[PDB]
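In what follows, a single structure is set out as structure tokens and then discussed.
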Amino acid sequence: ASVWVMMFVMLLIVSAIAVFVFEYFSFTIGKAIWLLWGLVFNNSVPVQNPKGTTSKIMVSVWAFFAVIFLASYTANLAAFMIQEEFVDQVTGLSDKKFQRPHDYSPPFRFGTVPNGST
Amino acid sequence: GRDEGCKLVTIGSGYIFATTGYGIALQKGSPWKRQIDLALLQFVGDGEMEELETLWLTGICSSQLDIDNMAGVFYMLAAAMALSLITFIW
Amino acid sequence: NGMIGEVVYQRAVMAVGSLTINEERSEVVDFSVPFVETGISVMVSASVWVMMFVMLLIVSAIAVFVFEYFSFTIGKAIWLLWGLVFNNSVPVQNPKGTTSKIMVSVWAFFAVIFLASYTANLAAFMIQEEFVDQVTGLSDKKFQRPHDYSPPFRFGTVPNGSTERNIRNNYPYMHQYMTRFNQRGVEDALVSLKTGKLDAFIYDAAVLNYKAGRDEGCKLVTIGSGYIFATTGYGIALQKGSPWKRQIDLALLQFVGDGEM
Amino acid sequence: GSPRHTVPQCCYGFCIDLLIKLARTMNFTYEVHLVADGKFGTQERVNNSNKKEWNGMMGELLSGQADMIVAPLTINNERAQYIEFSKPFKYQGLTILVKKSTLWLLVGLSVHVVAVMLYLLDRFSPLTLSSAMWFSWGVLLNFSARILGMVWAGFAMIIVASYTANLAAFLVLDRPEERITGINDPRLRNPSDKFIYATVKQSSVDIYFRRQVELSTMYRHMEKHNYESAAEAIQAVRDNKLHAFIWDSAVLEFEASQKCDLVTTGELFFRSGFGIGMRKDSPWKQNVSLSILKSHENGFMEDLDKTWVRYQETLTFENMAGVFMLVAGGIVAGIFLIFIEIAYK
Ligand SMILES: *[C@@H]1O[C@H](CO)[C@@H](O[C@@H]2O[C@H](CO)[C@@H](O)[C@H](O)[C@H]2NC(C)=O)[C@H](O)[C@H]1NC(C)=O
Ligand SMILES: *[C@@H]1O[C@H](CO)[C@@H](O[C@@H]2O[C@H](CO)[C@@H](O)[C@H](O)[C@H]2NC(C)=O)[C@H](O)[C@H]1NC(C)=O
Ligand SMILES: *[C@@H]1O[C@H](CO)[C@@H](O[C@@H]2O[C@H](CO)[C@@H](O)[C@H](O)[C@H]2NC(C)=O)[C@H](O)[C@H]1NC(C)=O
Ligand SMILES: *[C@@H]1O[C@H](CO)[C@@H](O[C@@H]2O[C@H](CO)[C@@H](O)[C@H](O)[C@H]2NC(C)=O)[C@H](O)[C@H]1NC(C)=O
Ligand SMILES: *[C@@H]1O[C@H](CO)[C@@H](O)[C@H](O)[C@H]1NC(C)=O
Ligand SMILES: *[C@@H]1O[C@H](CO)[C@@H](O)[C@H](O)[C@H]1NC(C)=O
């Protein structure tokens, strides 16, 4: 729950540099977020041809983060794919289903063997 | 453990349940009560009961679903529609 | 000598312990039928791109038809046919063509699913675990001369063993090779293989399997399953004329046919 | 079929040349023939007087009509209770013969709605429709409306990333259960009418399982599918009438070298030995077993391996070929749609 916050702070740190890099040497001053988060995903979108050399170094070091982010997310998908869940709606004898089947919408049914000690 | 396909799924391992045992019923005043109970603990305390349970049990046992992910996409696009409405009312 | 003379001179009765069986041992006594398969061994340490390239010329002729429809995209079209496979995104040309921006929505998706299939190919190669063998067995070309190959290697057997007599009945020159390659201790030869004071070693395979299952690291690996080898068994030696042999053999056939073995 | 006439024909192979080597070793002539039926030999109660009798090769040997059974004899206890044996030569185990989207449509239905509504919100914000559509074609597949499109392009990577992940998952982990993994399969302990496992009718494998007092299920299940010869079983598993068969390892390895679809299993159980069926105390026992061990010690076993045993006989074309067929079929329709613009322009 704390990944997107520090990624947002890093996005601001990256976007603050290309303002002054273009200021030292015509539409991507405050619009660097639209280029930056759009090229996180590498969506082949025509945005802007970068001219600042330090901005090109920053794009080069940001694209490796973009590679390893999708690598780690495919790793997260594979790790969740390993996790085959076995969940049950009923927890035990104290179930809310064991009060009245009219409480829930499908009318269900359960019984035992006849003449049982159960 | 012998179910074809393992479709029916048990619930827990007897946690909110009776969780009792199976003894041997004898008449009141039987002299065999001590000796049979000695034989039981001899049959358990050597893995022989575990060998029989290994003989008579089988401890064995697939599709795509992203409905939580699609619900998150459908909620974030509604949030984006609200953000577009913020610009629309301006 | 050994366990043989105690049975031949009849001071003992039978050899219940493990024993390799050959012809001259069977000359003096009567072995039982074996029960375990214990051999000997040596312990050691195209048209995919073509169907894309054919249709590449078709898509280039389609781009020529785009130029005929409505101004220098020829080698840039070769760049586009590369990028519709790889998606490298080099800033060269902005596509202004009506038709040229239509089939890219099929070719780039083909590149995406080809990249996914290549990741699947690498995962399947990750599933594949390879194991190679330099020596196949007794029919090795290394067994001709160690000077024929560039390293002069070394290998021996147990001293005063039946394997020595078996190799002397197989190759007398190999006895002359092993004469400078003798050893004393089995675990000493194991330490010589671990540290590097020995290259190969010929020994009974099942004991090497028992030691390899408890091997610290599983570094020393056997070769095959006795395919180019003697592949003998282990029986029980009894005296000639002993009446117990039939009953012991029936006991063996009972002890094998129940899974208790 | 036809048991009427006994015909003299030619025989060769493994044990034929083995006995030729024996005749090179030992001084004897031969009388080579075959058995009248397709059974190894089982001791069964005959119809009258409640008496056990043998059949197969064993009943004909015990009748005195034969002298020596040179055959892959499954040596066990009950066969040894009556006659004397030689020491075995063929040492092998046992094996089992086997034979070897909608959500994307939902994304495709949503992406054109997104591509329409982004331009229909562009007309309020101060061939532009086709420009917006052709810009949106490269979003899913590679100023507030740009802020919406960067979010949609953010989803465009995560959708195809999940698609790549579960297409890899569909082929790496969940391998279909084409194997049985030997005797310890729980689906054969209490089977159904689908997993057809069987063996040769009245064979010693059935006797070995009859000694097994804990597999009464498999004994009374194979009785509907006990077949006479293994050549019947090859065609029956070729026609997908069988599903599992119980036989020796190296024979099925040679048949796997014959037919590539014939696949064995992983486990190797009942590592037994096969010898020559013999009579009682005979002058053809001592010399003959010495000749057997002489055949064991020399390289004649490797020669026999060179006769029949040693001799034998992703590529990315599985799922993308059916997609590429639709890709190649769409080219003609895409070219035909250009003629509509030819008639338009
Ligand atoms: C419990 O077992 C008894 C005996 O099987 C059943 O009780 C009677 O069974 C006879 C069998 O002919 C029937 O004719 C009666 O109608 C049954 N009477 C009752 C008590 O219903 C009984 O059905 C079994 N079932 C229970 C109560 O678990
Ligand atoms: C292996 O065999 C040789 C046979 O020479 C052993 O050397 C000695 O040989 C003499 C004469 O035969 C014997 O009297 C001795 O008993 C042998 N040496 C001993 C044990 O003192 C040789 O020692 C044997 N041992 C090994 C494994 O090398
Ligand atoms: C097994 O094969 C031989 C093949 O020659 C059979 O011998 C004769 O075959 C011819 C040609 O097919 C038939 O017309 C004859 O009827 C066969 N002879 C007889 C009298 O049967 C041979 O007999 C076959 N075995 C049997 C018993 O059918
Ligand atoms: C192999 O069989 C032959 C007989 O067929 C055995 O040799 C005979 O030995 C007895 C003395 O014990 C004598 O009758 C002759 O010396 C031999 N007779 C013939 C005709 O060979 C021999 O013992 C058997 N095996 C070996 C080689 O020991
Ligand atoms: C085999 O025995 C016969 C007996 O007459 C003899 O003539 C023949 O030479 C023998 N062959 C050999 C050398 O084994
Ligand atoms: C009765 O005789 C036939 C012919 O020998 C034999 O095949 C059959 O097994 C016998 N019946 C039984 C059940 O013993």
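All residue names refer to the structure tokens as shown: chains lettered A, B, ... in order, residues numbered from 1 in each chain, ligands numbered from 1 in order.
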Please check the contacts: residues of chain A at most 12 Å away from chain C, using only C-alpha atoms, listed as a short mmCIF file (atom, residue, chain, number, x, y, z; two decimals) with C-alpha atoms, in the first residue's frame.
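Once everything was written out, this is part-v7.cif:
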```
data_model
loop_
_atom_site.label_atom_id
_atom_site.label_comp_id
_atom_site.auth_asym_id
_atom_site.auth_seq_id
_atom_site.Cartn_x
_atom_site.Cartn_y
_atom_site.Cartn_z
CA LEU A 39 6.63 5.99 -20.83
CA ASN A 42 6.31 2.11 -22.90
CA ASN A 43 3.08 2.56 -24.84
CA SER A 44 4.71 3.69 -28.15
CA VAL A 45 2.96 7.06 -27.82
CA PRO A 46 4.29 10.11 -29.71
CA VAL A 47 4.90 12.58 -26.87
CA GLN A 48 8.06 14.71 -27.33
CA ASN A 49 11.55 14.34 -28.78
CA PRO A 50 13.90 14.90 -25.81
CA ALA A 71 9.69 -7.83 -14.74
CA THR A 74 5.23 -10.55 -14.05
CA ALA A 78 3.63 -15.81 -11.30
#
```
Open item on the list: Residues near residue 138 of chain C, anyone? I mean within 8 Å using only C-alpha atoms, not counting same-chain ones fewer than 3 positions away, as a list in words.
Closed with: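 Near residue 138 of chain C, the qualifying residues are residues 143, 228 and 229 of chain C.
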TODO: Do a neighbour search on segment 99-113 of chain D at 6 Å with only C-alpha atoms, toss out local chain neighbours closer than 2 positions, and write the hits as a ChimeraX atom specification.
DONE: /D:115-116,261-263
Output of the above residues as a short mmCIF file (atom, residue, chain, number, x, y, z; two decimals), in the first residue's frame, restricted to N, CA, C and O atoms:
```cif
data_model
loop_
_atom_site.label_atom_id
_atom_site.label_comp_id
_atom_site.auth_asym_id
_atom_site.auth_seq_id
_atom_site.Cartn_x
_atom_site.Cartn_y
_atom_site.Cartn_z
N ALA D 115 -12.22 4.81 -27.17
CA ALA D 115 -11.76 5.58 -28.32
C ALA D 115 -12.82 6.53 -28.87
O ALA D 115 -12.47 7.60 -29.38
N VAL D 116 -14.09 6.17 -28.78
CA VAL D 116 -15.17 7.08 -29.16
C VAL D 116 -15.34 8.19 -28.13
O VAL D 116 -15.41 9.37 -28.49
N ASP D 261 4.80 -42.93 -30.56
CA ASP D 261 3.68 -42.68 -29.66
C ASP D 261 3.62 -43.65 -28.49
O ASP D 261 2.95 -43.36 -27.49
N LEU D 262 4.30 -44.79 -28.59
CA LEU D 262 4.36 -45.76 -27.50
C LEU D 262 5.30 -45.22 -26.44
O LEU D 262 6.52 -45.13 -26.65
N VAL D 263 4.75 -44.84 -25.29
CA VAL D 263 5.49 -44.17 -24.23
C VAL D 263 5.39 -45.01 -22.96
O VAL D 263 4.30 -45.46 -22.60
#
```
- [ ] Kindly determine which residues of chain B lie within 8 Å of chain D, considering only C-alpha atoms, and give the answer as a PyMOL selection string.
- [x] chain B and resi 1-2+4+58+62+64+73+80+84+87
Can you write just those residues out, C-alpha atoms, as an mmCIF file, in the first residue's frame?
```
data_model
loop_
_atom_site.group_PDB
_atom_site.id
_atom_site.type_symbol
_atom_site.label_atom_id
_atom_site.label_comp_id
_atom_site.auth_asym_id
_atom_site.auth_seq_id
_atom_site.Cartn_x
_atom_site.Cartn_y
_atom_site.Cartn_z
ATOM 1 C CA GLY B 1 -8.507 -39.518 -1.041
ATOM 2 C CA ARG B 2 -10.089 -41.826 -3.640
ATOM 3 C CA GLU B 4 -12.396 -39.010 -8.947
ATOM 4 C CA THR B 58 -4.338 -41.661 0.616
ATOM 5 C CA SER B 62 -6.650 -24.552 -13.223
ATOM 6 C CA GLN B 64 -8.228 -17.951 -15.256
ATOM 7 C CA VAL B 73 -10.244 -1.316 -13.693
ATOM 8 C CA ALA B 80 -11.202 8.961 -14.263
ATOM 9 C CA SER B 84 -12.997 14.414 -16.421
ATOM 10 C CA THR B 87 -12.620 19.575 -15.931
#
```
Task: Interface, chain D side, toward chain C (9 Å; only C-alpha atoms) as a ChimeraX atom specification - done: /D:75-78,80-81,86-88,91-92,134,137-138,141-142,160,163-165,167-169,171-172,208,211-212,270-273,290,293-294,296-299,301-302,305,314-317,320,323-324,327,331,334-335,338,342
- [ ] Within 7 Å of chain A, which residues of chain D are there when counting only C-alpha atoms? Please give them as JSON, numbers by chain.
- [x] {"D": [139, 142, 150, 153, 154, 157, 161, 165]}
Open item on the list: Hey, which residues sit close to ligand 6? Say within 8 Å, counting only C-alpha atoms and all ligand atoms, and write them as a list in words.
Closed with: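 So, counting only C-alpha atoms and all ligand atoms, the residues near ligand 6 are residues 44, 45, 46 and 47 of chain D.
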Keeping only C-alpha atoms, write those residues as a short mmCIF file (atom, residue, chain, number, x, y, z; two decimals), in the first residue's frame.
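Wrote it out as again.cif, contents follow:
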```
data_model
loop_
_atom_site.label_atom_id
_atom_site.label_comp_id
_atom_site.auth_asym_id
_atom_site.auth_seq_id
_atom_site.Cartn_x
_atom_site.Cartn_y
_atom_site.Cartn_z
CA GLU D 44 -6.05 -74.61 -13.01
CA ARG D 45 -8.64 -77.12 -11.83
CA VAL D 46 -9.76 -79.25 -14.77
CA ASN D 47 -13.46 -79.90 -15.38
#
```
- [ ] List all protein, DNA and RNA residues that have at least one atom no more than 9 Å from any atom of ligand 4, counting only C-alpha atoms and all ligand atoms, and write them as a PyMOL selection string.
- [x] (chain C and resi 27) or (chain D and resi 26-27+283-284+286-288+290)
Task: Nearest to residue 14 of chain B, chosen from A:21, A:13, A:93, A:5, with only C-alpha atoms counted in the distances - done: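 Residue with the minimum atom-to-atom distance to residue 14 of chain B: A:93.
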So which residues are near ligand 3, meaning at most 12 Å away with only C-alpha atoms and all ligand atoms counted, given back as a PDB file with N, CA, C and O atoms, in the first residue's frame?
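File written: part_27.pdb
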```
ATOM      1  N   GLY D   1      -9.509 -69.347 -34.353  1.00  0.00           N
ATOM      2  CA  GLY D   1      -9.136 -69.000 -35.710  1.00  0.00           C
ATOM      3  C   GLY D   1      -8.777 -70.181 -36.589  1.00  0.00           C
ATOM      4  O   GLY D   1      -9.567 -70.560 -37.461  1.00  0.00           O
ATOM      5  N   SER D   2      -7.609 -70.792 -36.350  1.00  0.00           N
ATOM      6  CA  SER D   2      -7.159 -71.929 -37.148  1.00  0.00           C
ATOM      7  C   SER D   2      -6.071 -72.722 -36.432  1.00  0.00           C
ATOM      8  O   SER D   2      -4.879 -72.500 -36.685  1.00  0.00           O
ATOM      9  N   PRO D   3      -6.426 -73.651 -35.536  1.00  0.00           N
ATOM     10  CA  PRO D   3      -5.396 -74.455 -34.864  1.00  0.00           C
ATOM     11  C   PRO D   3      -5.139 -75.779 -35.565  1.00  0.00           C
ATOM     12  O   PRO D   3      -4.470 -76.658 -35.010  1.00  0.00           O
ATOM     13  N   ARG D   4      -5.670 -75.930 -36.781  1.00  0.00           N
ATOM     14  CA  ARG D   4      -5.790 -77.254 -37.388  1.00  0.00           C
ATOM     15  C   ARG D   4      -4.445 -77.787 -37.868  1.00  0.00           C
ATOM     16  O   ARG D   4      -4.099 -78.944 -37.600  1.00  0.00           O
ATOM     17  N   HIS D   5      -3.672 -76.967 -38.571  1.00  0.00           N
ATOM     18  CA  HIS D   5      -2.464 -77.424 -39.241  1.00  0.00           C
ATOM     19  C   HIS D   5      -1.237 -76.772 -38.624  1.00  0.00           C
ATOM     20  O   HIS D   5      -1.207 -75.552 -38.424  1.00  0.00           O
ATOM     21  N   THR D   6      -0.234 -77.591 -38.323  1.00  0.00           N
ATOM     22  CA  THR D   6       1.062 -77.139 -37.836  1.00  0.00           C
ATOM     23  C   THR D   6       1.997 -77.014 -39.029  1.00  0.00           C
ATOM     24  O   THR D   6       2.226 -77.993 -39.746  1.00  0.00           O
ATOM     25  N   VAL D   7       2.537 -75.818 -39.239  1.00  0.00           N
ATOM     26  CA  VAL D   7       3.326 -75.552 -40.439  1.00  0.00           C
ATOM     27  C   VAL D   7       4.790 -75.310 -40.085  1.00  0.00           C
ATOM     28  O   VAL D   7       5.093 -74.640 -39.085  1.00  0.00           O
ATOM     29  N   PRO D   8       5.730 -75.878 -40.842  1.00  0.00           N
ATOM     30  CA  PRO D   8       7.150 -75.536 -40.651  1.00  0.00           C
ATOM     31  C   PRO D   8       7.498 -74.234 -41.362  1.00  0.00           C
ATOM     32  O   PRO D   8       7.351 -74.112 -42.580  1.00  0.00           O
ATOM     33  N   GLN D   9       7.953 -73.257 -40.588  1.00  0.00           N
ATOM     34  CA  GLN D   9       8.352 -71.943 -41.069  1.00  0.00           C
ATOM     35  C   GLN D   9       9.748 -71.621 -40.527  1.00  0.00           C
ATOM     36  O   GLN D   9      10.416 -72.470 -39.925  1.00  0.00           O
ATOM     37  N   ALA D  36       1.239 -74.740 -28.919  1.00  0.00           N
ATOM     38  CA  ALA D  36      -0.036 -74.740 -29.625  1.00  0.00           C
ATOM     39  C   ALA D  36      -0.945 -73.582 -29.234  1.00  0.00           C
ATOM     40  O   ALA D  36      -1.887 -73.281 -29.976  1.00  0.00           O
TER      41      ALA D  36
END
```
TODO: Fewer than 5 positions away in the same chain doesn't count, so skip those; otherwise give me all residues within 10 Å of residue 16 of chain D, counting only C-alpha atoms, as JSON, numbers by chain.
DONE: {"D": [11, 21, 22, 32, 70, 71]}
Check segment 63-105 of chain D with DSSP on the backbone and list each residue it calls strand (DSSP E), as a PDB file with C-alpha atoms, in the first residue's frame.
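Result file selection_35.pdb:
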```pdb
ATOM      1  CA  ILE D  69      11.693 -74.260 -22.930  1.00  0.00           C
ATOM      2  CA  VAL D  70      14.060 -71.630 -24.306  1.00  0.00           C
ATOM      3  CA  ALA D  71      11.792 -68.646 -23.685  1.00  0.00           C
ATOM      4  CA  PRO D  72      11.578 -65.515 -21.489  1.00  0.00           C
ATOM      5  CA  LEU D  73      10.276 -67.543 -18.557  1.00  0.00           C
ATOM      6  CA  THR D  74       8.877 -65.437 -15.722  1.00  0.00           C
ATOM      7  CA  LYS D  90      17.445 -61.292 -18.835  1.00  0.00           C
ATOM      8  CA  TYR D  91      17.317 -58.842 -15.935  1.00  0.00           C
ATOM      9  CA  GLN D  92      14.654 -56.146 -16.165  1.00  0.00           C
ATOM     10  CA  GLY D  93      11.763 -54.572 -14.269  1.00  0.00           C
ATOM     11  CA  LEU D  94       8.215 -53.622 -15.223  1.00  0.00           C
ATOM     12  CA  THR D  95       6.738 -50.529 -16.855  1.00  0.00           C
ATOM     13  CA  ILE D  96       3.399 -49.195 -18.089  1.00  0.00           C
ATOM     14  CA  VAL D  98       0.978 -44.956 -22.315  1.00  0.00           C
ATOM     15  CA  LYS D  99       0.299 -42.876 -25.431  1.00  0.00           C
TER      16      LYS D  99
END
```
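Using only C-alpha atoms, the part of chain A that sits within 10 Å of chain B is made up of residues 81, 84, 86, 87, 88, 89, 90, 91, 92, 93, 94 and 118 of chain A.
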Open item on the list: Report as a ChimeraX atom specification all protein, DNA and RNA residues lying within 12 Å of residue 10 of chain A, evaluated on only C-alpha atoms, omitting residues in the same chain fewer than 4 positions from it.
Closed with: /A:3-6,14-17,33,36-37,58,62,65
May I have the residues from that selection written out with N, CA and C atoms, as a compact mmCIF listing (two decimals), in the first residue's frame?
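What follows is the written file selection25.txt:
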```
# COMPACT_ATOMS: atom_id res chain seq x y z
N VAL A 3 3.71 1.48 -2.07
CA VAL A 3 4.55 1.49 -3.27
C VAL A 3 4.24 2.71 -4.13
N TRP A 4 2.95 2.98 -4.36
CA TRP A 4 2.54 4.07 -5.24
C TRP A 4 2.88 5.45 -4.67
N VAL A 5 2.98 5.57 -3.35
CA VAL A 5 3.33 6.86 -2.74
C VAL A 5 4.78 7.22 -3.04
N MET A 6 5.71 6.30 -2.79
CA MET A 6 7.11 6.57 -3.11
C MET A 6 7.37 6.58 -4.61
N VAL A 14 11.82 13.08 -10.57
CA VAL A 14 12.24 12.99 -11.96
C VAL A 14 11.70 14.16 -12.78
N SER A 15 10.43 14.52 -12.57
CA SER A 15 9.82 15.59 -13.36
C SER A 15 10.33 16.97 -12.98
N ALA A 16 10.93 17.14 -11.80
CA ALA A 16 11.46 18.45 -11.43
C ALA A 16 12.75 18.77 -12.16
N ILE A 17 13.47 17.76 -12.65
CA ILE A 17 14.78 17.99 -13.24
C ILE A 17 14.67 18.52 -14.66
N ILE A 33 4.95 15.02 -16.76
CA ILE A 33 4.29 13.89 -16.13
C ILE A 33 3.59 13.03 -17.18
N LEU A 36 6.24 11.09 -18.70
CA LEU A 36 6.94 10.21 -17.77
C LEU A 36 6.12 8.97 -17.43
N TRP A 37 4.90 9.17 -16.93
CA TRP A 37 4.07 8.01 -16.58
C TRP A 37 3.53 7.31 -17.82
N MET A 58 18.41 10.87 -17.73
CA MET A 58 17.32 10.55 -16.81
C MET A 58 16.30 9.61 -17.44
N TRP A 62 15.55 5.88 -16.26
CA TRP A 62 14.16 5.60 -15.92
C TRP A 62 13.61 4.42 -16.70
N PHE A 65 14.28 1.22 -14.88
CA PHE A 65 13.22 1.06 -13.88
C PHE A 65 11.92 0.57 -14.51
```
Compute the set of protein, DNA and RNA residues whose minimum atom distance to ligand 5 is at most 10 Å, using only C-alpha atoms and all ligand atoms, and state it as a CSV table (one decimal) with N, CA, C and O atoms, in the first residue's frame.
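The file below, part.csv, is the result:
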```csv
chain,number,residue,atom,x,y,z
D,23,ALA,N,24.7,-74.3,-29.1
D,23,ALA,CA,25.1,-75.5,-30.0
D,23,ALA,C,26.5,-75.4,-30.5
D,23,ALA,O,27.2,-76.4,-30.7
D,24,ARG,N,27.0,-74.1,-30.6
D,24,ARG,CA,28.5,-73.9,-30.8
D,24,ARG,C,29.2,-74.3,-29.6
D,24,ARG,O,30.4,-74.8,-29.7
D,25,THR,N,28.7,-74.1,-28.4
D,25,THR,CA,29.3,-74.5,-27.2
D,25,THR,C,29.1,-76.0,-26.9
D,25,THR,O,30.1,-76.7,-26.8
D,26,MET,N,27.9,-76.4,-26.7
D,26,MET,CA,27.6,-77.8,-26.3
D,26,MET,C,27.2,-78.7,-27.5
D,26,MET,O,26.7,-78.2,-28.5
D,27,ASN,N,27.6,-79.9,-27.4
D,27,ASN,CA,27.4,-80.9,-28.5
D,27,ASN,C,26.0,-81.5,-28.4
D,27,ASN,O,25.8,-82.4,-27.7
D,28,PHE,N,25.1,-81.0,-29.2
D,28,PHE,CA,23.7,-81.5,-29.3
D,28,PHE,C,23.1,-81.0,-30.6
D,28,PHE,O,23.6,-80.1,-31.2
D,29,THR,N,22.1,-81.8,-31.1
D,29,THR,CA,21.3,-81.4,-32.1
D,29,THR,C,20.0,-80.8,-31.5
D,29,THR,O,19.7,-80.9,-30.3
```
Open item on the list: List as a list in words the protein and nucleic acid residues lying within 9 Å of ligand 2, with only C-alpha atoms and all ligand atoms counted.
Closed with: residues 158, 159, 160, 161, 183, 184 and 185 of chain C
TODO: Could you tell me, counting only C-alpha atoms and all ligand atoms, which protein and nucleic acid residues lie no more than 12 Å from ligand 1, written as a count of residues only?
DONE: 8
Task: Point-to-point distance in Å for atom CA of residue 237 of chain C and atom CA of residue 15 of chain C - done: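 About the pair atom CA of residue 15 of chain C and atom CA of residue 237 of chain C: they are 5.2 Å apart.
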- [ ] From segment 17-118 of chain A, collect each residue whose DSSP state is helix (DSSP H, G or I) and return the set as an NGL selection string.
- [x] :A and (17-24 or 32-36 or 53-82 or 96-98)
